[PDB]
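These notes are about the structure you will find just below.
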Amino acid sequence: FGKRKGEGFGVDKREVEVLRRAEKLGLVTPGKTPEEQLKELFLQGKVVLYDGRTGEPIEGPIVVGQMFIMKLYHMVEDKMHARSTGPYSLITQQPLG
Amino acid sequence: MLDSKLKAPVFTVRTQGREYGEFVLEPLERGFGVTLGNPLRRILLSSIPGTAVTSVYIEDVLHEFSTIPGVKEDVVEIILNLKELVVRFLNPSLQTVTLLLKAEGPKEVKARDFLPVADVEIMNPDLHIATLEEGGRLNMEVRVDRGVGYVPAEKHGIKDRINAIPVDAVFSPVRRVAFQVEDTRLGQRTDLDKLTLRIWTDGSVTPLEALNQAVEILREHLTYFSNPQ
Amino acid sequence: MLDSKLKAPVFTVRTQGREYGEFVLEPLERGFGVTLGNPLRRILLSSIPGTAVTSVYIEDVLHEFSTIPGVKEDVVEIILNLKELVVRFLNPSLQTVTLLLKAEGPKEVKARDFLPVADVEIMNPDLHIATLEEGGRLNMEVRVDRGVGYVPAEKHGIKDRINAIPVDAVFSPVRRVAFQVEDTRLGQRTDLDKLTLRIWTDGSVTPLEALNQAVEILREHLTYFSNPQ
Amino acid sequence: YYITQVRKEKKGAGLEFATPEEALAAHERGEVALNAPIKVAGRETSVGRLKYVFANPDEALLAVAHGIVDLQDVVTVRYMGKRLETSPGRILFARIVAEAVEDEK
Amino acid sequence: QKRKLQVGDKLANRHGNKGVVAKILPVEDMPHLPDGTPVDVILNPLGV
């Protein structure tokens, strides 16, 4: 928010609006300025987020952050097996691949 | 004009280079900054066209997973660095431009080392392509195209030379969009929307240009409501 | 035209009466149905200006929580029934029209009982205002205005007569908007947006008309990006 | 769930509107001020009910969309034949079902 | 062969939240912060 201050702009209708629902919630000390309220709200680990599809905010602060996440190895089974017809065992006549 | 129409969106602009461009527009009625900023954003990211490396041909290399002697980086690392390269051509006549570069020995290969082409410009000169040691022979041909969105190297499969290897297409010239709707006070009523949207661009096009294209795509779409049925 | 432009938004319409009107338009690129439906919605509700009862003055009543003798309904129920009243004036010259009505004795007071005004029309004649018993004296003046969106009676606080009581503003011919973006399959690629938005209207204007006005307000706003500064 | 829940915020000064007419006014202004919430423990109607009354069903949600009333806020609304003191969300849920199967009643 | 992340894949943090990709959203419309930077992945709270 410091850069936001200098870059030239303040707070949204949206940012204020989610604050309203946030104090009614109990995340921000009623009576303090939005600038101060947002700090409180940030320290809690959550910030305001807008939808992306509608541009409106998501009522209520939502946490966000840098979480490490790994990708897991795909086993041979992962190669989804689909079989129509095929071989058959010699003594047992049931399907075999 | 004097009263309601002179009281009109003062479109103000602030742009440095071809990458960043802020755009303020106020006053606006109730909840309109949002009404406008959001669609333009959605457009600015999905709809606008650009340039990205679509194919590469190292001369002695056959597959993408090879390593070139005297060359610290591996083929995959370099093809990766190329995706980072941002070019800019000036007119439609340039659909597919093949940039050429060949450097030898103890030199660092940067994007400025590509032989100049008439209507094309390289905004990413100092980008690092590779570090050549000694007896380091690197001679390649990197294709470049004008497209839109993301196109996996698998989807296009470019075929300039049989030993060439396609690269993933990174076409939106727009890096990121951002818009704020802060209150503004105009005389009588205080509730007022002030819409300012910040646009970032790889250089191919400019923030302003982008924005213009954007609003047009929207306009063009608002016309599609013509013939009932 | 044949390839990319003939493949154009097939604007299809389905409207019954002046209240309901479905509108489908496909195909659209990626995430465009949303990019369009949403703004149009935001406009359809706030911008298509309208008319709503902005103030009321019962002659012997002082506060909103009072009850009138010979009158079954209480002031709050009646002021509520007035919010249900839909009027329609023909030209700008009519910004604030005060409709007058006075009825006595064993009669049912409906909206048709208001004395006719030259440029104003009441689409809601049979609406029920009150049930007068005997010695039932009800003489009032209900204000009417042209605005946009929702305006709490607290926000405006209208002042015609000192004992009058403001009412909440319900301003749009549009009752409710609704849009869906379901996938559609067009030959080659499957990812496709299909935008269909359902509009409901009080009857004053039609869904189609509304929509047209809407898109225009948007267009008109996209032009405001003309003169830099 | 979240859509249908109702909220309660701060009880400081008197919660008695069931009886005085000076109770409507005073706690209406006091709520406009900073002391009485829109959702206060005040038996009959917290000033949140005092402030807004919605005629038809839709009216209710419109105010919500405009930023007047959150969905979880305690409001009064006129349904088919009753003045029902129920929240926005709750009224909305009502419709979801009412719509899913058109036999509304 | 190069394996670029896809809907079939499974990713999981060191804590144990394991899960599969169900939808790759266009940066166009996924949750975005006030400054234009959008989120990469949206994890469900219920799993916690």
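The way I read the labels, and the way they are meant: chains A, B, ... in the order of the structure tokens, residue 1 as the first residue of every chain, and ligand 1 as the first ligand shown, with later ones counted on from there.
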Ordered Cα pairing of chain B with chain C, RMSD after least-squares superposition: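 When all C-alpha atoms are superposed, the deviation is 2.0 Å.
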Tell me as a PyMOL selection string which residues belonging to chain E come within 7 Å of chain B, counting only C-alpha atoms. chain E and resi 28-29+35-37
Considering only C-alpha atoms, give me a table of residues in chain A that are at most 8 Å from chain D, with the closest atom pair and distance in Å for each, as a Markdown table.
```
| residue | atom | partner | partner_atom | distance |
| --- | --- | --- | --- | --- |
| A:17 | CA | D:67 | CA | 7.7 |
| A:21 | CA | D:70 | CA | 7.4 |
| A:24 | CA | D:9 | CA | 6.6 |
```
DSSP strand (DSSP E or B) residues within stretch 10-220 of chain C, listed as a count of residues only: 89
Proximity check chain A to chain B, 6 Å, nearest pairs one decimal Å, only C-alpha atoms, as a tab-separated table:
```
residue	atom	partner	partner_atom	distance
A:11	CA	B:182	CA	5.4
A:12	CA	B:181	CA	4.8
A:55	CA	B:38	CA	5.2
```
Report the distance between atom CA of residue C:101 and atom CA of residue C:113 in Å, rounded to one decimal place.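 Answer for the atom CA of residue C:101 to atom CA of residue C:113 separation: 6.5 Å.
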Each residue of chain C lying at most 8 Å from chain D should get a row with its shortest atom-to-atom pair and the distance in Å to one decimal, counting only C-alpha atoms; could you produce that, ordered by chain and increasing number, as JSON lines?
```
{"residue": "C:80", "atom": "CA", "partner": "D:55", "partner_atom": "CA", "distance": 5.5}
{"residue": "C:81", "atom": "CA", "partner": "D:55", "partner_atom": "CA", "distance": 6.9}
{"residue": "C:83", "atom": "CA", "partner": "D:55", "partner_atom": "CA", "distance": 6.8}
{"residue": "C:84", "atom": "CA", "partner": "D:55", "partner_atom": "CA", "distance": 7.0}
{"residue": "C:149", "atom": "CA", "partner": "D:66", "partner_atom": "CA", "distance": 7.5}
{"residue": "C:150", "atom": "CA", "partner": "D:63", "partner_atom": "CA", "distance": 6.2}
{"residue": "C:152", "atom": "CA", "partner": "D:68", "partner_atom": "CA", "distance": 8.0}
{"residue": "C:170", "atom": "CA", "partner": "D:59", "partner_atom": "CA", "distance": 7.4}
{"residue": "C:175", "atom": "CA", "partner": "D:58", "partner_atom": "CA", "distance": 7.5}
{"residue": "C:176", "atom": "CA", "partner": "D:58", "partner_atom": "CA", "distance": 7.9}
```
Find, counting only C-alpha atoms, the residue in A:52, A:97, A:10, A:57 that gets nearest to residue A:85.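 Nearest to residue A:85: A:97.
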Would you mind listing, as a list in words, all residues of chain A that have at least one atom within 6 Å of chain E, where only C-alpha atoms are what counts?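 Listed by rising number, the hits are residues 49, 50, 51, 52, 53, 69, 70, 71 and 72 of chain A.
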Restrict the calculation to only C-alpha atoms, then for each residue of chain B with any atom at most 10 Å from an atom of chain C give the closest atom pair and their distance in Å to one decimal, rows by chain and rising residue number, as a Markdown table.
```
| residue | atom | partner | partner_atom | distance |
| --- | --- | --- | --- | --- |
| B:8 | CA | C:224 | CA | 7.5 |
| B:9 | CA | C:224 | CA | 5.7 |
| B:10 | CA | C:229 | CA | 7.4 |
| B:11 | CA | C:228 | CA | 5.1 |
| B:12 | CA | C:229 | CA | 4.3 |
| B:13 | CA | C:228 | CA | 5.9 |
| B:14 | CA | C:229 | CA | 8.6 |
| B:23 | CA | C:228 | CA | 9.1 |
| B:24 | CA | C:229 | CA | 9.4 |
| B:25 | CA | C:225 | CA | 7.7 |
| B:26 | CA | C:224 | CA | 9.7 |
| B:28 | CA | C:221 | CA | 9.4 |
| B:29 | CA | C:47 | CA | 9.5 |
| B:30 | CA | C:46 | CA | 8.3 |
| B:31 | CA | C:42 | CA | 8.7 |
| B:32 | CA | C:42 | CA | 8.7 |
| B:34 | CA | C:39 | CA | 9.0 |
| B:35 | CA | C:39 | CA | 5.6 |
| B:36 | CA | C:39 | CA | 7.5 |
| B:38 | CA | C:35 | CA | 8.1 |
| B:39 | CA | C:35 | CA | 5.3 |
| B:40 | CA | C:35 | CA | 8.5 |
| B:41 | CA | C:35 | CA | 9.2 |
| B:42 | CA | C:35 | CA | 6.5 |
| B:43 | CA | C:35 | CA | 7.7 |
| B:46 | CA | C:30 | CA | 7.4 |
| B:47 | CA | C:30 | CA | 8.5 |
| B:211 | CA | C:225 | CA | 9.3 |
| B:212 | CA | C:225 | CA | 8.5 |
| B:214 | CA | C:222 | CA | 9.9 |
| B:215 | CA | C:222 | CA | 6.2 |
| B:216 | CA | C:222 | CA | 8.3 |
| B:218 | CA | C:36 | CA | 8.0 |
| B:219 | CA | C:219 | CA | 6.1 |
| B:220 | CA | C:219 | CA | 9.5 |
| B:221 | CA | C:36 | CA | 8.1 |
| B:222 | CA | C:215 | CA | 5.8 |
| B:223 | CA | C:215 | CA | 8.2 |
| B:224 | CA | C:9 | CA | 6.0 |
| B:225 | CA | C:11 | CA | 6.0 |
| B:226 | CA | C:11 | CA | 7.2 |
| B:227 | CA | C:11 | CA | 6.2 |
| B:228 | CA | C:13 | CA | 5.5 |
| B:229 | CA | C:12 | CA | 4.5 |
```
Which parts of chain A does DSSP call helix (DSSP H, G or I) when run on the backbone here, written out as a ChimeraX atom specification? /A:2-7,13-23,34-43
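Residues in contact with residue D:105 at 12 Å, where only C-alpha atoms are counted and same-chain residues fewer than 5 positions away are skipped, are listed as residues 79, 80, 81, 94, 95, 97, 98 and 99 of chain D.
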What is the atom CA of residue E:6-atom CA of residue A:66 distance in Å, reported with one decimal?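 One can read the atom CA of residue E:6 to atom CA of residue A:66 distance as 21.1 Å.
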When you look at residue B:19 with a cut-off of 9 Å (counting only C-alpha atoms), what residues show up, excluding the ones that are within fewer than 6 positions of it in the same chain? I need them as a VMD selection string. chain B and resid 174 to 175 199 to 207
Would you export the selected residues with N, CA and C atoms as a short mmCIF file (atom, residue, chain, number, x, y, z; two decimals), in the first residue's frame, please?
```
data_model
loop_
_atom_site.label_atom_id
_atom_site.label_comp_id
_atom_site.auth_asym_id
_atom_site.auth_seq_id
_atom_site.Cartn_x
_atom_site.Cartn_y
_atom_site.Cartn_z
N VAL B 174 0.18 -7.51 -23.59
CA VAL B 174 -0.15 -6.96 -22.28
C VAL B 174 0.32 -7.86 -21.16
N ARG B 175 1.20 -7.34 -20.31
CA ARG B 175 1.68 -8.13 -19.18
C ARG B 175 0.65 -8.17 -18.07
N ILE B 199 -1.84 -0.09 -17.33
CA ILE B 199 -1.53 -1.18 -18.25
C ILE B 199 -0.02 -1.31 -18.49
N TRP B 200 0.46 -2.54 -18.44
CA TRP B 200 1.85 -2.87 -18.68
C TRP B 200 1.97 -3.67 -19.98
N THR B 201 3.03 -3.46 -20.76
CA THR B 201 3.17 -4.15 -22.05
C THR B 201 4.62 -4.57 -22.35
N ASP B 202 4.78 -5.72 -23.01
CA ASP B 202 6.11 -6.27 -23.32
C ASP B 202 6.91 -5.38 -24.27
N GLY B 203 6.24 -4.39 -24.86
CA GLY B 203 6.90 -3.50 -25.78
C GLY B 203 6.36 -3.60 -27.18
N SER B 204 5.89 -4.80 -27.57
CA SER B 204 5.36 -5.02 -28.92
C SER B 204 4.40 -3.91 -29.26
N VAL B 205 3.36 -3.74 -28.46
CA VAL B 205 2.46 -2.64 -28.70
C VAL B 205 2.60 -1.70 -27.53
N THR B 206 1.84 -0.61 -27.49
CA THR B 206 1.96 0.30 -26.37
C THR B 206 0.72 0.27 -25.50
N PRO B 207 0.82 0.76 -24.24
CA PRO B 207 -0.38 0.74 -23.41
C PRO B 207 -1.54 1.42 -24.12
#
```
Nearest to residue A:2 by atom-to-atom distance, counting only C-alpha atoms, from A:18, A:39, A:58, A:23: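 So, comparing all the options, the nearest one is A:39.
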At what distance in Å, to one decimal, does atom CA of residue C:168 lie from atom CA of residue C:119?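 Taking atom CA of residue C:119 as the start and atom CA of residue C:168 as the end point, the length is 23.9 Å.
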Determine, counting only C-alpha atoms, which protein, DNA and RNA residues have an atom within 6 Å of an atom of residue D:76; residues of the same chain fewer than 5 positions away are not included. Present the result as a list in words. residues 49, 53, 84, 85 and 86 of chain D
Restricted to N, CA and C atoms, what would the selected residues look like written as a PDB file, in the first residue's frame?
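File produced: part00.pdb:
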```pdb
ATOM      1  N   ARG D  49     -34.372  -2.878  11.090  1.00  0.00           N
ATOM      2  CA  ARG D  49     -35.683  -3.187  10.544  1.00  0.00           C
ATOM      3  C   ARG D  49     -36.489  -1.930  10.406  1.00  0.00           C
ATOM      4  N   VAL D  53     -37.875  -1.092   4.771  1.00  0.00           N
ATOM      5  CA  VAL D  53     -39.065  -1.917   4.588  1.00  0.00           C
ATOM      6  C   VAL D  53     -39.233  -2.158   3.081  1.00  0.00           C
ATOM      7  N   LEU D  84     -43.160 -10.166   6.611  1.00  0.00           N
ATOM      8  CA  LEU D  84     -42.192 -11.086   7.214  1.00  0.00           C
ATOM      9  C   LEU D  84     -40.826 -10.468   7.452  1.00  0.00           C
ATOM     10  N   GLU D  85     -40.426 -10.460   8.712  1.00  0.00           N
ATOM     11  CA  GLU D  85     -39.145  -9.889   9.104  1.00  0.00           C
ATOM     12  C   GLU D  85     -38.004 -10.911   8.896  1.00  0.00           C
ATOM     13  N   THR D  86     -37.598 -11.081   7.634  1.00  0.00           N
ATOM     14  CA  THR D  86     -36.531 -12.023   7.283  1.00  0.00           C
ATOM     15  C   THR D  86     -35.458 -11.376   6.377  1.00  0.00           C
TER      16      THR D  86
END
```
If you take only C-alpha atoms and a cut-off of 10 Å, which residues of stretch 28-79 of chain C touch stretch 85-93 of chain C, and what are their nearest atom pairs and distances in Å to one decimal, in chain and number order, as CSV?
```
residue,atom,partner,partner_atom,distance
C:50,CA,C:88,CA,8.2
C:51,CA,C:87,CA,6.4
C:52,CA,C:86,CA,6.8
C:53,CA,C:85,CA,7.4
```
